[PDB]
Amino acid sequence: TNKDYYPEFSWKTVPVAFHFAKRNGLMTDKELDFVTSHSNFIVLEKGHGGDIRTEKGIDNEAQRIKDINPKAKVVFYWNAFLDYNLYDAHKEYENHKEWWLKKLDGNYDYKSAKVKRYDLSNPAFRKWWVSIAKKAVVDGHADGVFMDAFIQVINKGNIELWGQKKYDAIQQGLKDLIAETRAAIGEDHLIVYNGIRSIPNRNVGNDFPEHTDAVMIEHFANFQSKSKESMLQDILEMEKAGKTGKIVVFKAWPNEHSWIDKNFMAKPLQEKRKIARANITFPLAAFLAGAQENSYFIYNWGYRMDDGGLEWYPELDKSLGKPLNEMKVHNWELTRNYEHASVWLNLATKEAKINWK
């Protein structure tokens, strides 16, 4: 398959993407200018646009983005497992109790008070779920869909809640959901999925490669993936997925801080920014160690636009150029050479050096 419907990729500087929602309205002209001048790849999150609800917010923003930069690919976030009350589609799902997932005790399956989990083994739900993506992407200005939460679907804790037969049907239902999504949106639209997660003895890789174009590594060097074991596998998985022709979204964090780091989010923006600027080198070097064509670096502390989403860093303006070799692994040390940069990092010590040329 020809991949020209991918976002146009270049090694000229560090390839970056965006993944956020602006929670109270659409982007300003200058916010629009910043994003479109810095990347061709933007995932718009649940809740983007505010009260207009996500479908209209994302459809409107996608127009605004591609009016400025027709090369940008704007992806419609649509959780594969969770019912968030931020869409027009949520009102419809509330009217469809007959699809709702139930647990072994007969209670409806809720992740939290306001968030039901979907019965992926229910084909009536699936046809509806797919129709929402199809309307956003085929009949709207979005170029693709971001299927989130696969990790929570496959979680083996769910066997206790569903039983093995239902758990197996739901895992198969996730596979079919992706196939049906591809069927509905056609061959020229993107499917991004959130799945690579390295947790010791529990690794999840690029395990839904058929029908998908892009895979995200959400937890690099953070959450339960802080171990050198886990960061190595994450980086290796980027390399592997990239070599198969996938887009890889490598989501990085400022020294393990994030929007659920209450102490860090308490700091004033100037300090948050000082910390983020000081801590980009190790995740950036990890990214560059394993990056392939169509690999993208996302570095911020969350998924709101204000979560560092429009911050910029000098490292992201320097000349990089094409990779000159494959990643090299010497125990916990990883190296890579580019036309205008040499990358080295030590996963055991969390130290990194980028020699920009």
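Numbers follow the displayed sequence, beginning with 1.
- For the pair 106-114 and 171-179, the mean Cα B-factor is higher in 106-114.
- Taking the PDB entry as given, 265-273 carries the higher mean Cα B factor of the two stretches 265-273 and 159-167.
- Based on the entry's C-alpha B-factors, the most elevated value among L82, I247, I191, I260 belongs to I260.
- Across the residues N201, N122, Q152, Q233, the deposited record lists the maximum Cα B factor for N201.
- Sort the modelled residues of the chain by CA B factor and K135 lands in the lowest third.
- In the PDB entry, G321 places in the middle third of its chain by CA B-factor.
- The entry lists a Cα temperature factor for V329 that places it in the middle third of the chain's modelled residues.
- Ranked within its chain, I68 lands in the highest third, by CA B factor from the PDB record.
- Among the modelled residues of its chain, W99 has a C-alpha B-factor that falls in the middle third, as given in the PDB entry.
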